[PDB]
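Shown below, as structure tokens, is a lone chain in the form deposited without the named molecule; questions about how it binds or moves come after it.
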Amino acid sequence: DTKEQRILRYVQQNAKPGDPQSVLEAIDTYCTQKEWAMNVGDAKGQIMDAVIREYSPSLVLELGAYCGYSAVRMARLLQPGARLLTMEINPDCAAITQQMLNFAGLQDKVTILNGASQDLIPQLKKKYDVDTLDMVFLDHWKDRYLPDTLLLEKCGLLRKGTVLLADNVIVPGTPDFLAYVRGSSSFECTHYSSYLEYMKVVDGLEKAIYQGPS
């Protein structure tokens, strides 16, 4: 039994359906209980929340779903009419994330895309009717942060003000991505520190707002 399975089972047994906050808490509670290092957790969750509230995106792209914690986190704050597109390379994680969202009552707002970002990002404009993204949450594989950022620019998916929020830019680290956005005039960058338990290490998120092409 994978951890994602066990998490979903726990949520379905303890949280309240259509109550996104209770789903998030049950995930946080269980993971804590089992001492599993969380992919996001509530503290980073609070940073994601503030970014969503601050920019009120109508169309969000999430790279990496895992058990669907961040998807529930983001979808619950989206306005009616808004969409979250979530890319997940692992079919089994995709399946869990769908169930998680169904249970939270948020499935209407989310489209799960199963596959690698390098395969799926170029399909956005036409297959999923995307003009430009309002926000991108990067939480997939470290070595695809910078290439996917370049790919999103190339596909014309970013506009001035598009908010890229990247997780784990310190641990395990995305230094090349950071060097790129902090040094590019195409981005305005803010850093948010946050602590990873068990490893007991300060990690961080980078917020990088697209300014348009150079």
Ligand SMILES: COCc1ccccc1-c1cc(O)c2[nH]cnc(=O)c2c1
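Shifts are known only where both forms have a C-alpha. Rigid core (definition): largest C-alpha set, two forms, superposition within 1.5 Å. Numbers for residues come from their place in the sequence shown, where the first is 1.
The same protein also has a form deposited with the named molecule bound, omitted here; what follows describes it.
A.B. asks: Given that the named molecule is left out here, which of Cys155, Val163, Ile47, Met38 has a heavy atom within 4.5 Å of it in the bound PDB entry?
C.D. replies: Selected option: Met38.
A.B. asks: Looking at the named molecule in the bound PDB entry, is some heavy atom of each of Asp134, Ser186 and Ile209 within 4.5 Å of it?
C.D. replies: Result no, not one residue of the spot touches the named molecule.
A.B. asks: Quick one: is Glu197 in contact with the named molecule in the bound PDB entry, heavy atoms, 4.5 Å cut-off?
C.D. replies: Judged by the heavy-atom cut-off of 4.5 Å, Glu197 is in contact with the named molecule in the bound PDB entry.
A.B. asks: Within 4.5 Å, heavy atoms only: does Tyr128 come near the named molecule in the bound PDB entry?
C.D. replies: Heavy-atom contact with the named molecule at 4.5 Å: absent for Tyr128.
A.B. asks: Can you work out whether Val171 and the named molecule are in contact in the bound PDB entry, taking contact to mean some heavy atom pair no more than 4.5 Å apart?
C.D. replies: Although the named molecule is absent here, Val171 would touch it in the bound PDB entry, with heavy atoms inside 4.5 Å.
A.B. asks: Need the contact residues for 137 to 173: heavy atom within 4.5 Å of the named molecule in the bound PDB entry, sequence order, or none if there are none.
C.D. replies: Sequence-ordered list: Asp139, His140, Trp141, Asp167, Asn168, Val171, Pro172.
A.B. asks: Given a rigid core superposition of the two forms, which one of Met38, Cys155, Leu178, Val51 has its CA shift by 2 angstroms or more between the shown form and the other one?
C.D. replies: With the rigid core fitted, the residue that moves is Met38.
A.B. asks: Core-aligned, does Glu197 move its Cα 2 Å or more between the shown form and the other one?
C.D. replies: After core superposition, the displacement of the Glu197 C-alpha between the shown form and the other one reaches the 2 Å mark, so yes.
A.B. asks: Spell out which consecutive segments of 3+ residues have Cα shifts of at least 2 angstroms at every position between the shown form and the other one, with the rigid core used for superposition.
C.D. replies: Residues 37 to 39, 196 to 201 form the runs that move by 2 Å or more between the shown form and the other one.
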